[PDB]
Amino acid sequence: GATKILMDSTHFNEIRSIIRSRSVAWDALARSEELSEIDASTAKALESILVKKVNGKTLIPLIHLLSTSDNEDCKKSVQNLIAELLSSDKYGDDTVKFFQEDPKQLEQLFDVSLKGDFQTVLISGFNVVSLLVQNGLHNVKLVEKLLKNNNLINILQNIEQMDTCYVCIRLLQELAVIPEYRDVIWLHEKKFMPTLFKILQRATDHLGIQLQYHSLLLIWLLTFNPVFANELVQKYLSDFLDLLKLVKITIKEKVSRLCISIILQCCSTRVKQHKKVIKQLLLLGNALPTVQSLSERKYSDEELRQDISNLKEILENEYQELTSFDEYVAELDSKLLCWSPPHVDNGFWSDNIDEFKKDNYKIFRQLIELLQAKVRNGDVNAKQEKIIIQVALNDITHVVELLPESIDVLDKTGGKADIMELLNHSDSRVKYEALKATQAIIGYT
Amino acid sequence: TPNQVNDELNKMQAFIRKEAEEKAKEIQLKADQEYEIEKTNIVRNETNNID
Amino acid sequence: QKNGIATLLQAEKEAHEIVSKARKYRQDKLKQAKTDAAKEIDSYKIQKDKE
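Written out as structure tokens, the structure reads:
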């Protein structure tokens, strides 16, 4: 009736179909006086009114068989019919209203929920999760009570049954639908971390990909809070770097874009000191090539592609500065250089090596632009200008040494003549650098 | 048979419903995040001007 | 067959409807952000006048 979730996965459908298929007679229990005769009659009538009037009459009556249950099948059928009535189209919000009237009425129900066998801990937990985050009723009591439940603990921690695991996970997410109620979830996230890392490891190897997708969805929902996202990468670094890598091999773009947006939220500027996270991720995790391949890849969803390009740009933002290539960019843009081992160190040159040529070697063209402007015009060498043109000569020398295809431009840029014309200069050092670049051009012809 | 055909159709509608559900959820989440972000920025600018 | 094809068309229409709902949610988020910014601005002005 009002906000009924968990109707998506076919697992919950098959489970609900398996639970409601049980054969039990309330009239036989009434004849044997196993419970309240009025409640048993109302239940027997409600069964035929379900399987095929208003609610609230059997509400109080159900509590009699709830708080006290002599049989397991009785309580199981009770919880099953309860959860079925929660998602029922006939009753719907009415039932919710019955839950909305008395906040303490669902307290004992949640207290009796999730006990004994895993079968009985399913339906009751489903109804409890449905009511907890339903509409207007929100309490940290039920959340804390369900979080400390040892019955649902092994259910969520079960690597054997996929049904129970997916159910507990989907219930966790449905309970996490409200961020205000996710605080305790952020506090109890330590237990959910194991199943998340397990799902991440299992991700690397029909509807079986839905569970991990819901888990990642919960991770992203927890990433909505910058506080919870602050201790995110500060908890498990191993599972953190396993996101994008497994996302690349992931068929569907759902969990992929989920992990992408989650990692993006982890490295987001909204998070304090999130730069180091993306830095280490792009360093020890080789996220640079992964982001490059992702940028070279394709996506059907618009949000996925947008977040992909955004994450790539965000990575490339702090990737350029390590080893800062922007330091030389400042000298180039201002047309004033200085003494730094940017072109001296092979590593620093190797860092910006890939950024040397983007479109028609635009960076190289801008690099030779200063020398060319100092050639056709100016060309009075004293102090600064000389050492700047010399440093540019050595830098372009190392660049040409690295990039063999950078020669073809130099001939069309008029740099071939200017380099040879620099053979005779005022300074012997400038002539030495020019001769070095000359021998460099003589290296490949 | 047409029964499995209809089952396949219902399965397709189910997958589409799941995609739409995830889309709506992501929409709500992004709405919350955008709300918090915009509120934070506006509060920052307003605090700057007021100060 | 035609039932499944119509179900597919209605599925695509449901996807487009989900996208439109997402857009409306974005606009609503922007509106709520503007309202919150307005309330914060009025509160900042009231605080400035009080100071």
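Chains as they are written, first to last, in the deposited numbering: chain H, 2 to 53, 71 to 223, 237 to 476; chain I, 9 to 59; chain J, 3 to 53. Positions of the beta carbon are idealized from the N, C-alpha and C atoms, including for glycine.
One thing to note: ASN168 of chain H has its Cβ no nearer than 8 Å to the Cβ of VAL139 of chain H. When H:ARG23, H:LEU433, H:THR4 are compared, the shortest CA-CA separation from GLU29 of chain I is found for H:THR4. In chain order, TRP251, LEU252, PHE255 make up the part of chain H whose C-beta sits under 8 Å from the C-beta of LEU37 of chain I.
Approximately 16 Å separates the beta-carbon atoms of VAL147 of chain H and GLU198 of chain H; this is outside 8 Å, ruling out the contact. When H:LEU80, H:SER131, H:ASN145, H:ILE39 are compared, the shortest CA-CA separation from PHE13 of chain H is found for H:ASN145. Cα atoms of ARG17 of chain H and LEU205 of chain H: separation of roughly 31 Å, rounded to the nearest angstrom. Looking at the backbone, the Cα of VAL308 of chain H and that of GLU262 of chain H are separated by about 11 Å. By the Cβ-count criterion, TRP370 of chain H is exposed, with fewer than 16 other Cβ atoms from all chains shown falling within 10 Å of its own Cβ.
Cβ contact annotation for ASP181 of chain H (same chain, cutoff 7 Å, sequence separation greater than five): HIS12, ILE16, in chain order. The beta carbons of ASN153 of chain H and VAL114 of chain H sit about 6 Å from each other, so the pair counts as a contact at 8 Å. For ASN14 of chain I, the chain J residues whose Cβ falls inside 8 Å of its Cβ are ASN5, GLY6, in order along the chain. By the neighbour-count definition (other C-beta atoms within 10 Å, threshold 16), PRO79 of chain H is a buried residue. Runs of the beta strand (DSSP E) spanning 3 or more residues and lying entirely within the segment 240 to 300 of chain H do not occur at all. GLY143 of chain H counts as buried, since at least 16 other C-beta atoms from the protein chains shown sit within 10 angstroms of its C-beta.
When Cβ-Cβ separations below 8 Å define contact, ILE24 of chain I makes no contact with chain H.
Under a criterion of Cβ atoms nearer than 9 Å, the residues of chain I adjacent to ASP9 of chain H are, in order, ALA22, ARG25, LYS26, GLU29, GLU30. Where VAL51 of chain I is concerned, the enclosing alpha helix (DSSP H) starts and stops at 10 to 58.
The C-alpha of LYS208 of chain H is placed about 27 Å away from the C-alpha of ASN317 of chain H. Closer than 8 Å to the CB of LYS33 of chain I there is not a single CB belonging to chain J.
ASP129 of chain H: member of the alpha helix (DSSP H) spanning 123 to 130, first to last residue. Interface with chain I (8 Å Cβ-Cβ cutoff): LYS33 of chain J is excluded. Between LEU368 of chain H and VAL411 of chain H, the C-beta gap is not smaller than 8 Å, which leaves the two residues out of contact. Neighbourhood of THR9 of chain J in chain I, by CB distance below 7 Å: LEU17, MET20, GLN21, in chain order.
Shown here, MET211 of chain H sits in a helix according to DSSP, grouped into three states.
Beta-carbon to beta-carbon, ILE420 of chain H and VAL431 of chain H are separated by about 16 Å, too far to satisfy the 8 Å threshold.
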